Each structure stands twice: as C-alpha cells, then as structure tokens.
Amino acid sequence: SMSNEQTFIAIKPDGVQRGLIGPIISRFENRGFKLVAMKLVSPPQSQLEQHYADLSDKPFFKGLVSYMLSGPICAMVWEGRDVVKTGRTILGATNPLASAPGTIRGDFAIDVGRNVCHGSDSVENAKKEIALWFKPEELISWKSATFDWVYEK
C-alpha cells in the first residue's frame, strides 16, 4: 500500500455546530496522517446531491441533503498509508449506535442521521469525492518533518 493514498473527510454541519472541528482534526493529526487540503464551505444542494447520488433512491435522501445544507461543512483531504480504510475505522460505524467508544462517532454521536462526519469508503470513491469538493490547486504538496518516524521506508 502506498503512503500517498488520499481520502475525503468532511465534518458535517452537526459536527461544526457542536464544536467538534478541533477534536476531529486532532484524531487524524495524532494518528500520523497528513492534511493536504481543507476548507470551510457551504456547498449548493446540487453538489450535495451529486456527492450522495448513489443514495438518491433511499427514503432518507431528502432529509440527509437538507441536513447537509443546514450549516457549514469542514471539507478535508487526508493523506497516508491505508488512510481510506483506517479513516473509516477512526470515524466508527455509520450508525453511532453500532460504533465503539474511542472512535469519533463512539465518542460524540448518537443518531445515524446526525453522525458528525463523512469519510470516503473506497480509494476510487475518494478520488471522485476529492474532485467534486476541491479544485486541484487546493491540494497542498508538503513533506512532514516526522515522515520517517511514521513510516518505515
């Protein structure tokens, strides 16, 4: 697995409103992943419907989109080895009722419809989501000073 894999992590409006931006960023920062893009945005309903396009048939789709419009979103790209899969493990189960304490949802969330955060579920979907949410020049190329202490070659 390549250490330059990237995933899209978003803090949903309930996470912003409840003051969880700092703690969520710290979870990824402390694990060793590298922040390569971030912005606070209020995207249009059209972008949100495209982001969740595969769930357009679900009964909760309309409420999910409404909720995702109801406040700011903190959109991020994180980079590191197996960051897509491990990022999902850090976030915890989609339904916080199923999540483990020590994960983001297991520490901070209760309802599946207010589960604080989003993370890409595959490398291919992460590439799709990254291009949907960010312009290429918003990804910052840099090298962490502790890279060789986080990674063995």
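When you see a residue number, it is the position in the sequence shown, counting from 1. Between two forms, the rigid core is the largest collection of C-alphas that superpose within 1.5 Å.
Engineer: In 7 other deposited structures of this protein, superposed by the rigid core, which stretch departs further from the shown form in CA positions, 50-58 or 121-129?
Structural biologist: So, of the two stretches, the farther one in 7 other deposited structures of this protein is 50-58.
Engineer: So if we fit everything on the core, which stretch drifts more in 7 other deposited structures of this protein, 60-68 or 110-118, C-alphas only?
Structural biologist: It is 60-68 that deviates more in 7 other deposited structures of this protein.
Engineer: Compare the mean C-alpha B-factor of 34-42 with that of 48-56 as given in the PDB entry, and name the stretch with the higher value.
Structural biologist: The recorded data point to 48-56.
Engineer: Please work out which of 21-29 and 138-146 has the higher mean CA B-factor as recorded in the PDB entry.
Structural biologist: The stretch with the larger mean CA B-factor is 138-146.
Engineer: Sorting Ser70, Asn125, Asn95, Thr103 by Cα temperature factor from the record, which one lands on top?
Structural biologist: Top of the list by C-alpha B-factor: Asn125.
Engineer: Where does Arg114 sit by CA temperature factor within its chain: lowest, middle or highest third?
Structural biologist: Its C-alpha B-factor, which the entry lists for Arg114, ranks in the lowest third among residues of this chain.
Engineer: When the deposited Cα B-factors of this chain's modelled residues are ordered and cut into thirds, is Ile11 in the lowest, the middle or the highest one?
Structural biologist: It belongs to the middle third of the chain when residues are ordered by C-alpha B-factor.
Engineer: C-alpha B factor of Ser99, ranked within the chain: lowest, middle or highest third?
Structural biologist: It falls in the bottom third of the chain.
Engineer: Among the chain's modelled residues, which third holds the C-alpha B-factor of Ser120?
Structural biologist: Middle third, going by the recorded CA B-factors of the chain.
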